[PDB]
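Student: Could you have a look at this structure, given as structure tokens, before my questions?
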Amino acid sequence: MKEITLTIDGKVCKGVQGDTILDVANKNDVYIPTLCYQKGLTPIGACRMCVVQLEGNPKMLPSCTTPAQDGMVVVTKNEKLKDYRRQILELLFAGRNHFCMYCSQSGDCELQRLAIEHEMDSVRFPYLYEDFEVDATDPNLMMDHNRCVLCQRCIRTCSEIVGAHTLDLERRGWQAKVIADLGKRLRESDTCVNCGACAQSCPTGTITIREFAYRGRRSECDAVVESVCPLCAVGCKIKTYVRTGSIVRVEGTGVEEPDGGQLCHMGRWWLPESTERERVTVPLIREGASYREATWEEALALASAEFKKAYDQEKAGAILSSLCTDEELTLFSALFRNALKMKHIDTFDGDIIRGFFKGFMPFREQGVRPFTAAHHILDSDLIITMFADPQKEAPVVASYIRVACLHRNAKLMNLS
Amino acid sequence: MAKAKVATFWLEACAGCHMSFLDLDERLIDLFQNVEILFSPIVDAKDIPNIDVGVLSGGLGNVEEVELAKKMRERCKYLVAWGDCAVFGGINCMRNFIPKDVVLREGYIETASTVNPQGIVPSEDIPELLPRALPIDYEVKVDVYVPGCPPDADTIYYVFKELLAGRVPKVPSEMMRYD
Amino acid sequence: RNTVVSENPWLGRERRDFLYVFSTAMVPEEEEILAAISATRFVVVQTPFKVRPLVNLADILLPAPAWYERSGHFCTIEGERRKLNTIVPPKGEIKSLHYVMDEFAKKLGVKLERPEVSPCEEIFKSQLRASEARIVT
Amino acid sequence: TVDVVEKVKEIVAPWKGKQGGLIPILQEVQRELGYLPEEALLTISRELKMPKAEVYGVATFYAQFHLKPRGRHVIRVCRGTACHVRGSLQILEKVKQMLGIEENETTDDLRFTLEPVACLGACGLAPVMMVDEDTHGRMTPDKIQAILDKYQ
Amino acid sequence: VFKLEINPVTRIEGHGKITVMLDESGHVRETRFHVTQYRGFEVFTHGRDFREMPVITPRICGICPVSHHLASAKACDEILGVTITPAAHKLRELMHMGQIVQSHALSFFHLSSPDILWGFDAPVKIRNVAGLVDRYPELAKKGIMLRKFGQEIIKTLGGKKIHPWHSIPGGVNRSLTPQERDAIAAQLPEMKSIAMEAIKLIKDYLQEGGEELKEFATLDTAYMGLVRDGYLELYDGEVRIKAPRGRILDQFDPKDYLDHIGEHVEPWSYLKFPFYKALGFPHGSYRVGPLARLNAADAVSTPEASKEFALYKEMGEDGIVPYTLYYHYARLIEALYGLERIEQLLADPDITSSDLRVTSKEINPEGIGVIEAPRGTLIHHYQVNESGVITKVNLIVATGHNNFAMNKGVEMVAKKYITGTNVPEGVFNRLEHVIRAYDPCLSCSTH
Amino acid sequence: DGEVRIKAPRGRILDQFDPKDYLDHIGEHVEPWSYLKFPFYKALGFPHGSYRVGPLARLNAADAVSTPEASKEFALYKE
Ligand code: SF4
Ligand code: SF4
Ligand code: SF4
Ligand code: SF4
Ligand code: SF4
Ligand code: FCO
Ligand code: FES
Ligand code: FES
Ligand code: 3NI
């Protein structure tokens with residue numbers, strides 16, 4: 001039977017057969033403390049905080065990795081599990097140097113939420129005050145390694161979701177550090193596409209977006225609005241956090257979709273930075289080298305006088321934006337394509353759109369769809385980039401390409 | 001005479017954990033009507049008396065502030081660690097990644113328009129430093145850890161209210177922060 | 001494509017004494033299109049921001065709803081329509097964008113007649129699979 | 001600098017298009033060059049089309065790889081259970097304070113290197129202090145000088 | 001041959017130690033005043049992102065966590081190179097005025113009010129805030145209310161009271177909605193009454209002890225403050241060092257300060273001694289705090305505090321009041337000023353605005369932010385590299401400039417209250433009150 | 001002395017700037033066939049940001065000249 005029935009903390013739970021105990025747990029309602037399970041990334045069993053006990057079996061097993069078997073009694077909260085989880089959290093606090101007073105993520109840290117939940121009013125284990133490096137060479141991301149629980153959710157999100165496999169582990173045992181290429185700094189790395197998906201995966205404030213530090217906290221958000229990035233065609237799904245009329249943090253939903261929330265630099269770094277730009281909000285006028293504040297009547301008069309003396313003799317055009325909605329573009333068509341009938345209206349990328357829709361048009365005559373979805377370049381065997389630079393055109397397509405050609409054995413051949 | 005006998009002090013604190021104690025504005029009148037404040041940065045006593053709830057903010061960074069912490073522990077029955085500086089080591093512990101000689105040398109000799117040409121390194125009569133900043137649960141057994149920078153006024157009031165009723169409180173999860 | 005894209009390229013290779021350019025100043029703009037805009041002799045930009053590459057080639061610089069104070073639908077090449085949501089509401093009062101288009105229609109001898117959003121019906125449809133022929137050019 | 005770009009690009013040739021083989025592909029550049037320079041790992045990552053981070057992780061994960069030039073005479077002391085119960089720790093710490101170098105690093109001019117190993121096999125003649133050529137069966141505290149000057 | 005120690009110096013912030021080395025005859029050879037704590041906020045920060053500094057630097061003190069917040073914010077705003085927005089200016093000034101009010105309320109009513117009211121020979125059990133609540137139930141409550149007013153402004157703006165986060169590098173995180181603006185403004189007729197009653201009380205204390213309190217550690221030194229065009233500004237402005245008898249000596253932009261201020265490191269204390277470099281240590285040493293500001297300002301901007309500022313100025317031989325105990329009086333003027341400055345910021349439509357932040361790339365290598373904390377001028381000077389990583393910080397803090405004034409004041413008050421033996425407790429309270437006149441945050445001094 | 005003014009090809013002042021911060025506006029493209037670099041207005045890109053200098057560009061960019069008798073012939077140039 002696929003639909004199995006278990007008992008977590010007395011509460012009965014329902015799940016698919018292959019689901020782990022954590023899956024059947026998060027499916028119904030029940031809470032199990034986790035620090036290294038990122039919905040999406042394959043269950044990595046490193047934090048050992050999700051340990052649950054089966055009735056009769058005196059040992060404890062991780063709920064993230066152990067599967068659910070056809071009927072069984074799982075106990076998540078009792079004295080011994082609370083003691084062991086508090087000891088694990090205290091080991092993490094004692095090994096690495098964790099100062100919450102100045103951490104960008106003090107309110108979001110999942111090691112801090114767990115510590116407060118388990119009433120960690122101490123450290124118990126001797127504080128090893130060793131010197132882990134603070135890699136803030138990258139002007140966009142900062143990696144403060146003395147907050148690194150070592151959950152590999154950043155190696156896994158840059159190995160299986162982004163593909164530009166920049167982060168891996170350095171040494172063994174206690175000396176294990178998360179490093180960029182050849183143990184270099186993130187700025188010195190050639191293979192970082194500066195995506196930030198490493199900052200969306202890090203639960204423990206090691207990797208932080210610098211420009212929006214202390215503001216892009218999810219606990220201090222005024223609102224959380226789900227939408228779509230309008231910068232490229234991939235149209236990544238986003239979970240924009242709004243704090244006093246500005247977007248402070250853009251984390252990408254869609255950890256179940258093939259992309260995996262790895263929004264690009266333009267989406268995790270230009271979308272929140274654009275909510276803090278100059279914002280005219282009053283009709284200006286040139287005057288020579290420096291604008292002057294004008295009224296709407298004055299500005300539209302000086303802009304329509306120049307639109308009548310230049311429409312009699314044809315001499316008039318319009319370059320609208322293709323990042324505009326269909327409502328706005330339909331409005332612009334109402335004025336420009338129909339009312340005054342200008343044949344000189346374009347869309348700031350009209351060459352690309354008209355080339356694409358005049359090259360694809362033969363096949364529309366023949367009666368086929370001459371394009372597929374980008375998530376199908378993940379299971380392909382040979383990828384051919386013809387005249388493309390997908391890092392500057394649609395970076396999730398480039399990430400798909402990288403995941404394919406590294407973790408799924410493809411081959412790349414360019415005709416550019 | 002029948003009032004309780006708290007007595008605070010700071011060791012390597014920035015004074016915020018007491019500033020939060022004085023953030024008990026109108027309720028400080030009621031607390032003073034319930035407890036008499038022996039040795040503390042508010043009263044002008046110089047030697048700690050025998051007390052009931054000995055409070056300590058700030059970690060251990062010098063030698064004098066280990067001695068006063070040991071004194072406070074020796075002279076009370078419940079000790080309250082105020083702040084992350086006394087509970088987790090705090091911000092003082094940021095000097096643990098460089099030696100104390102280097103700490104005193106970059107902040108007194110090469111410190112961006114200081115004008116001593118002899119390398120004075122001021123350890124003449126003042127307590128020198130400790131080689132590493134530590135929490136107060138390294139030389140003092142603590143009974144009520146109160147974490148935060150600073151512990152909110154509500155949390156301080158709760159800890160005092162529960163220690164004056166005759167029990168050793170553990171700060172609940174709904175009102176504890178590390179800030 | 002269904003509303004603005006012109007079937008012939010005109011930018012750069014035609015004079016265009018007047019140019020109303022709407023630029024949600026987000027994506028880096030092709031630098032050839034920017035030059036073409038700079039040699040126009042009157043450029044009315046309705047950009048929301050005062051970013052560098054647009055306040056230089058502009059004579060009027062009107063405001064706009066700035067991608068997070070408006071909502072829309074975004075019909076794409078792959079068919080289905082998405083949804084952009086109003087993340088944070090507008091602060092000031094641009095009071096419309098139809099007002100600007102109307103005041104352009106006014107004293108120009110033309111009307112407006114607001115139409116409905118043209119239903120995006122995926123012009124490229126897959127009625128054939130694994131059965132195509134090549135196209136001679 | 002050009003001596004380290006084709007020797008590594010030739011030992012990778014019999015592994016192209018074969019799954020696996022980074023543990024051996026390195027044990028060969030180690031035996032040839034004595035160590036694994038950054039150029040070596042860079043060319044391995046280029047040729048195998050394996051990530052540089054993964055190559056560095058495997059190169060620093062296993063003990064017998066050395067990313068820095070190892071010395072011309074290794075001083076492998078045995079910190080095995082049999083030697084340690086016999087007191088090999090004393091011999092280890094005295095070769096430590098005698099060469100003056102840190103636990104697992106090379107001398108300042110590439111003459112010696114201390115590499116605490118597992119059982120070298122002479123668990124009868126304990127402790128053993130191999131000086132890169134042959135076993136050394138007894139190695140009391142005083143017999144460490146008469147060999148460390150000889151092999152240099 | 002032998003010495004007296006007043007360790008720990010109480011009713012001040014931080015750790016202090018007054019030593020009074022006497023002779024064989026029992027007379028004061030010399031006194032010094034050590035600060036016995038040091039944390040190292042100039043060596044912590046090497047490696048940290050500069051944006052982390054407005055959250056690291058408030059932990060130098062809890063009586064003034066917003067002063068260090070705002071100095072670090074101005075330093076990082078000069079690192080970015082932002083304008084900054086007028087609404088951000090006025091909100092930062094509102095937070096700074098709230099901090100002025102709360103710190104001066106704590107400095108007068110909690111720490112220095114026992115000596116001012118009950119006299120330096122009062123019993124030790126009554127000389128505290130507790131005995132003040134007991135015997136004077138209304139004045140302690142009024143001081144608590146003034147401190148609560150300041151900290152309610154700070155909490156409204158930046159979440160927490162102590163160590164708030166309200167000012168990002170580049171601007172301000174949160175504005176004021178009209179409800180809380182009206183709430184803060186509805187208590188100002190009462191808080192101004194509290195401040196004026198305290199002004200009258202301290203003016204009657206100083207007028208009662210006529211000439212003795214006018215020579216109680218009163219040495220003629222220089223007066224550093226911040227000034228607008230000619231006014232008393234506490235958030236921005238140029239630095240003005242008035243000579244000990246009225247002449248403006250080297251008014252300078254706070255940016256180029258390394259060419260004017262130096263720090264001498266004396267062995268016996270962790271506190272450096274900043275001084276005006278052209279005159280040299282110990283002849284360039286100046287004063288800071290409320291006294292030095294009112295001495296350096298030619299006029300104040302607020303209406304009702306201007307009257308009592310004028311009454312302060314017609315007390316001191318062409319505007320230069322040298323008396324140490326008048327540091328209490330001046331303090332409350334500041335408080336008064338602060339309160340009446342709040343009323344001006346809450347009457348402007350820009351504190352409630354929504355354009356608070358300005359972002360920028362192109363991080364400069366140096367950023368110097370100088371504000372006027374309640375105990376004196378505060379200088380944050382960060383040097384960052386291309387990556388925005390802190391390379392070298394320098395904080396010249398308030399109590400540092402007053403260290404020499406405090407040392408010389410303890411010397412003068414010791415050298416007038418010597419006894420060969422028996423070393424009484426009231427003279428100890430006077431030796432502590434010279435320090436409590438400046439009410440020093442020794443945690444700031446020793447970052 | 002004075003500020004740098006780049007007039008667009010049909011009259012509009014494009015990016016008048018202080019000569020100090022010039023690295024954010026002017027770039028140089030190195031073509032293989034000549035030792036002369038090609039400076040250009042960086043925002044428009046090579047070869048669309050390339051501008052003119054010399055007497056023509058000055059008189060085209062200046063709205064007026066200061067001298068009395070050369071102003072007449074400058075006006076004759078402008079019409
Ligand atoms: S990472 Fe989390 S637990 Fe660690 S210091 Fe930061 S907030 Fe605290
Ligand atoms: S920014 Fe993207 S590519 Fe770079 S390390 Fe992070 S996840 Fe990987
Ligand atoms: S950097 Fe963060 S996400 Fe990566 S392993 Fe460390 S704690 Fe986990
Ligand atoms: S790839 Fe980047 S720009 Fe494109 S939709 Fe996704 S997040 Fe937005
Ligand atoms: S724990 Fe925080 S509030 Fe308390 S003294 Fe330390 S820095 Fe200040
Ligand atoms: N005022 C004050 Fe506190 C000090 N010194 C700061 O800054
Ligand atoms: S949470 Fe189950 S092991 Fe990491
Ligand atoms: S015990 Fe050292 S050789 Fe095996
Ligand atoms: Ni202070």
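Residue numbers start at 1 in each chain; chains themselves are named A, B, ... in the order of the structure tokens; ligands are numbered from 1 in the order shown.
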Please, which residues have at least one atom within 7 Å of an atom of ligand 6, using only C-alpha atoms and all ligand atoms, listed as a ChimeraX atom specification?

Tutor: /E:61,63-64,67-68,373-376,378,397-400,440-442,444-445

Student: For the residues selected in the previous step, produce a file with N, CA and C atoms as a PDB file, in the first residue's frame.

Tutor:
```pdb
ATOM      1  N   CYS E  61      28.724  50.750  24.728  1.00  0.00           N
ATOM      2  CA  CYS E  61      28.033  51.324  25.871  1.00  0.00           C
ATOM      3  C   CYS E  61      26.536  51.188  25.714  1.00  0.00           C
ATOM      4  N   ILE E  63      24.575  53.248  27.810  1.00  0.00           N
ATOM      5  CA  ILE E  63      23.948  54.520  28.128  1.00  0.00           C
ATOM      6  C   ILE E  63      23.833  55.335  26.861  1.00  0.00           C
ATOM      7  N   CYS E  64      24.746  55.122  25.927  1.00  0.00           N
ATOM      8  CA  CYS E  64      24.717  55.795  24.631  1.00  0.00           C
ATOM      9  C   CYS E  64      24.873  54.863  23.427  1.00  0.00           C
ATOM     10  N   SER E  67      24.418  56.818  20.138  1.00  0.00           N
ATOM     11  CA  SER E  67      25.500  57.721  19.769  1.00  0.00           C
ATOM     12  C   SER E  67      26.541  56.988  18.935  1.00  0.00           C
ATOM     13  N   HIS E  68      26.937  55.796  19.383  1.00  0.00           N
ATOM     14  CA  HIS E  68      27.881  54.997  18.615  1.00  0.00           C
ATOM     15  C   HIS E  68      27.242  54.472  17.341  1.00  0.00           C
ATOM     16  N   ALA E 373      27.901  63.133  21.144  1.00  0.00           N
ATOM     17  CA  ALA E 373      27.281  62.321  22.167  1.00  0.00           C
ATOM     18  C   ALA E 373      27.089  63.164  23.432  1.00  0.00           C
ATOM     19  N   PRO E 374      26.184  62.762  24.341  1.00  0.00           N
ATOM     20  CA  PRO E 374      25.904  63.601  25.522  1.00  0.00           C
ATOM     21  C   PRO E 374      27.075  63.894  26.431  1.00  0.00           C
ATOM     22  N   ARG E 375      28.098  63.053  26.437  1.00  0.00           N
ATOM     23  CA  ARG E 375      29.269  63.289  27.266  1.00  0.00           C
ATOM     24  C   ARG E 375      30.388  63.944  26.478  1.00  0.00           C
ATOM     25  N   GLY E 376      30.192  64.175  25.187  1.00  0.00           N
ATOM     26  CA  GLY E 376      31.168  64.893  24.399  1.00  0.00           C
ATOM     27  C   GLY E 376      31.196  64.440  22.956  1.00  0.00           C
ATOM     28  N   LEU E 378      32.089  62.542  19.686  1.00  0.00           N
ATOM     29  CA  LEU E 378      32.365  61.155  19.353  1.00  0.00           C
ATOM     30  C   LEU E 378      32.821  61.083  17.904  1.00  0.00           C
ATOM     31  N   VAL E 397      36.540  58.831  21.681  1.00  0.00           N
ATOM     32  CA  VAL E 397      35.293  58.792  22.415  1.00  0.00           C
ATOM     33  C   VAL E 397      35.253  59.935  23.420  1.00  0.00           C
ATOM     34  N   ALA E 398      34.078  60.118  24.035  1.00  0.00           N
ATOM     35  CA  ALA E 398      33.755  61.314  24.813  1.00  0.00           C
ATOM     36  C   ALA E 398      34.646  61.469  26.042  1.00  0.00           C
ATOM     37  N   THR E 399      34.639  60.475  26.943  1.00  0.00           N
ATOM     38  CA  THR E 399      35.379  60.546  28.206  1.00  0.00           C
ATOM     39  C   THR E 399      36.884  60.694  28.006  1.00  0.00           C
ATOM     40  N   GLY E 400      37.390  60.291  26.838  1.00  0.00           N
ATOM     41  CA  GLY E 400      38.798  60.456  26.545  1.00  0.00           C
ATOM     42  C   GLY E 400      39.263  61.893  26.595  1.00  0.00           C
ATOM     43  N   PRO E 440      31.104  60.054  33.474  1.00  0.00           N
ATOM     44  CA  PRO E 440      31.758  59.434  32.333  1.00  0.00           C
ATOM     45  C   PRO E 440      31.347  58.003  31.977  1.00  0.00           C
ATOM     46  N   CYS E 441      31.167  57.731  30.684  1.00  0.00           N
ATOM     47  CA  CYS E 441      30.912  56.328  30.274  1.00  0.00           C
ATOM     48  C   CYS E 441      32.291  55.723  30.038  1.00  0.00           C
ATOM     49  N   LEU E 442      32.864  55.108  31.071  1.00  0.00           N
ATOM     50  CA  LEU E 442      34.240  54.571  30.957  1.00  0.00           C
ATOM     51  C   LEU E 442      34.257  53.404  29.971  1.00  0.00           C
ATOM     52  N   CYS E 444      32.805  53.536  26.961  1.00  0.00           N
ATOM     53  CA  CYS E 444      33.094  54.206  25.671  1.00  0.00           C
ATOM     54  C   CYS E 444      34.575  54.556  25.639  1.00  0.00           C
ATOM     55  N   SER E 445      35.087  55.136  26.721  1.00  0.00           N
ATOM     56  CA  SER E 445      36.464  55.602  26.769  1.00  0.00           C
ATOM     57  C   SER E 445      37.426  54.495  26.379  1.00  0.00           C
TER      58      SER E 445
END
```

Student: Taking only C-alpha atoms and all ligand atoms into account, report as a tab-separated table (two decimals) with N, CA, C and O atoms, in the first residue's frame which residues have an atom no farther than 7 Å from an atom of ligand 7.

Tutor:
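Contents of selection10.tsv, freshly written:
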```tsv
chain	number	residue	atom	x	y	z
A	33	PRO	N	12.55	19.13	14.93
A	33	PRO	CA	13.67	20.07	14.78
A	33	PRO	C	14.68	19.61	13.73
A	33	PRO	O	15.30	18.56	13.86
A	34	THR	N	14.84	20.43	12.70
A	34	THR	CA	15.79	20.18	11.63
A	34	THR	C	16.64	21.40	11.36
A	34	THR	O	16.20	22.54	11.53
A	35	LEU	N	17.88	21.16	10.94
A	35	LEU	CA	18.79	22.26	10.65
A	35	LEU	C	19.43	22.08	9.28
A	35	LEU	O	19.67	23.06	8.58
A	36	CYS	N	19.56	20.83	8.84
A	36	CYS	CA	20.23	20.52	7.55
A	36	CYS	C	19.28	19.98	6.48
A	36	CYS	O	19.79	19.64	5.40
A	37	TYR	N	17.98	19.95	6.70
A	37	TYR	CA	17.05	19.52	5.64
A	37	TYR	C	16.53	20.76	4.94
A	37	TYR	O	15.85	21.58	5.58
A	44	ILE	N	20.35	15.41	3.60
A	44	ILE	CA	21.77	15.22	4.03
A	44	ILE	C	21.68	14.97	5.53
A	44	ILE	O	20.90	15.67	6.19
A	45	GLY	N	22.40	13.99	6.05
A	45	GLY	CA	22.22	13.63	7.47
A	45	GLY	C	23.37	14.10	8.30
A	45	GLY	O	24.12	13.25	8.78
A	46	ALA	N	23.49	15.40	8.50
A	46	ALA	CA	24.69	15.91	9.18
A	46	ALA	C	24.41	16.44	10.58
A	46	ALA	O	25.22	16.18	11.46
A	47	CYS	N	23.33	17.18	10.77
A	47	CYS	CA	23.09	17.84	12.08
A	47	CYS	C	22.65	16.86	13.15
A	47	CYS	O	22.94	17.13	14.32
A	48	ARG	N	21.99	15.79	12.75
A	48	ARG	CA	21.57	14.73	13.68
A	48	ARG	C	20.65	15.32	14.75
A	48	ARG	O	20.56	14.71	15.81
A	49	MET	N	19.86	16.32	14.40
A	49	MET	CA	18.92	16.98	15.33
A	49	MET	C	17.53	16.43	15.16
A	49	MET	O	16.72	16.59	16.06
A	50	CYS	N	17.25	15.84	14.02
A	50	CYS	CA	15.92	15.34	13.72
A	50	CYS	C	15.69	13.93	14.24
A	50	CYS	O	14.74	13.29	13.80
A	51	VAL	N	16.60	13.43	15.08
A	51	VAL	CA	16.55	12.07	15.61
A	51	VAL	C	15.23	11.81	16.30
A	51	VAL	O	14.74	12.64	17.08
A	62	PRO	N	17.64	9.22	12.50
A	62	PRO	CA	17.26	10.44	11.84
A	62	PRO	C	15.94	10.36	11.09
A	62	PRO	O	15.76	9.46	10.35
A	63	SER	N	15.10	11.37	11.23
A	63	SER	CA	13.79	11.35	10.57
A	63	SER	C	13.92	11.82	9.13
A	63	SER	O	13.04	11.51	8.34
A	64	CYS	N	15.03	12.44	8.79
A	64	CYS	CA	15.24	12.98	7.44
A	64	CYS	C	15.66	11.87	6.53
A	64	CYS	O	15.35	11.96	5.33
A	65	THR	N	16.34	10.86	7.04
A	65	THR	CA	16.90	9.84	6.14
A	65	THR	C	16.22	8.47	6.26
A	65	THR	O	16.23	7.76	5.25
```

Student: For residue 28 in chain F, list every protein, DNA or RNA residue within 9 Å, evaluated using only C-alpha atoms, and leave out those in the same chain fewer than 2 positions away; present the list as an NGL selection string.

Tutor: :F and (26 or 30 or 37-40 or 42 or 46)

Student: Write a file of the selected residues as a PDB file, in the first residue's frame, keeping N, CA, C and O atoms.

Tutor:
```pdb
ATOM      1  N   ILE F  26      34.259  57.841 -19.456  1.00  0.00           N
ATOM      2  CA  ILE F  26      35.074  57.691 -20.654  1.00  0.00           C
ATOM      3  C   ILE F  26      35.804  56.358 -20.587  1.00  0.00           C
ATOM      4  O   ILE F  26      36.408  56.025 -19.562  1.00  0.00           O
ATOM      5  N   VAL F  30      40.697  49.364 -27.630  1.00  0.00           N
ATOM      6  CA  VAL F  30      41.997  49.176 -28.256  1.00  0.00           C
ATOM      7  C   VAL F  30      41.789  48.376 -29.531  1.00  0.00           C
ATOM      8  O   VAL F  30      41.618  47.154 -29.491  1.00  0.00           O
ATOM      9  N   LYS F  37      44.144  54.400 -29.032  1.00  0.00           N
ATOM     10  CA  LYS F  37      42.917  53.933 -28.426  1.00  0.00           C
ATOM     11  C   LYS F  37      41.744  54.782 -28.912  1.00  0.00           C
ATOM     12  O   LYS F  37      41.905  55.866 -29.471  1.00  0.00           O
ATOM     13  N   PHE F  38      40.543  54.283 -28.671  1.00  0.00           N
ATOM     14  CA  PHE F  38      39.313  54.988 -29.016  1.00  0.00           C
ATOM     15  C   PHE F  38      38.567  55.323 -27.738  1.00  0.00           C
ATOM     16  O   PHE F  38      37.881  54.447 -27.183  1.00  0.00           O
ATOM     17  N   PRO F  39      38.700  56.525 -27.191  1.00  0.00           N
ATOM     18  CA  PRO F  39      37.824  56.912 -26.088  1.00  0.00           C
ATOM     19  C   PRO F  39      36.401  57.132 -26.558  1.00  0.00           C
ATOM     20  O   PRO F  39      36.141  57.553 -27.686  1.00  0.00           O
ATOM     21  N   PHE F  40      35.478  56.828 -25.657  1.00  0.00           N
ATOM     22  CA  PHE F  40      34.059  56.852 -25.952  1.00  0.00           C
ATOM     23  C   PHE F  40      33.303  57.041 -24.650  1.00  0.00           C
ATOM     24  O   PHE F  40      33.806  56.728 -23.567  1.00  0.00           O
ATOM     25  N   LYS F  42      31.148  55.840 -22.054  1.00  0.00           N
ATOM     26  CA  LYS F  42      31.071  54.427 -21.672  1.00  0.00           C
ATOM     27  C   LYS F  42      29.649  53.890 -21.609  1.00  0.00           C
ATOM     28  O   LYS F  42      29.444  52.687 -21.806  1.00  0.00           O
ATOM     29  N   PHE F  46      31.296  51.360 -27.260  1.00  0.00           N
ATOM     30  CA  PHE F  46      31.996  51.470 -28.535  1.00  0.00           C
ATOM     31  C   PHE F  46      31.270  50.633 -29.582  1.00  0.00           C
ATOM     32  O   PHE F  46      30.950  49.470 -29.316  1.00  0.00           O
TER      33      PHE F  46
END
```

Student: Around ligand 8, out to 8 Å and counting only C-alpha atoms and all ligand atoms, which residues are there? I want them as a tab-separated table (two decimals) with C-alpha atoms, in the first residue's frame.

Tutor:
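After the write, pocket28.tsv holds the following:
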```tsv
chain	number	residue	atom	x	y	z
D	77	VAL	CA	57.14	8.26	13.61
D	78	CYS	CA	54.60	5.54	14.51
D	79	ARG	CA	51.71	6.79	16.57
D	80	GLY	CA	50.09	3.39	16.61
D	81	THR	CA	48.54	1.73	19.62
D	82	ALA	CA	51.56	-0.54	20.20
D	83	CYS	CA	54.09	2.26	19.92
D	84	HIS	CA	51.99	4.68	21.97
D	118	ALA	CA	49.89	4.31	11.43
D	119	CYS	CA	51.55	0.92	12.06
D	120	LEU	CA	54.55	0.54	9.79
D	121	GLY	CA	54.34	-3.18	10.70
D	122	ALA	CA	57.13	-3.50	13.30
D	123	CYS	CA	54.61	-3.68	16.11
D	124	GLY	CA	57.11	-6.07	17.73
D	125	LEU	CA	60.11	-3.73	17.63
D	126	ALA	CA	58.25	-0.84	19.21
D	127	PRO	CA	58.51	2.12	18.91
D	128	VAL	CA	59.55	2.45	15.26
```

Student: For ligand 4, return the neighbouring residues as a ChimeraX atom specification (distance at most 7 Å; only C-alpha atoms and all ligand atoms).

Tutor: /A:229-236,263-268,394-396

Student: Calculated over only C-alpha atoms and all ligand atoms, which of the candidates B:56, B:121, B:2, B:13 has the smallest distance to ligand 5?

Tutor: B:13
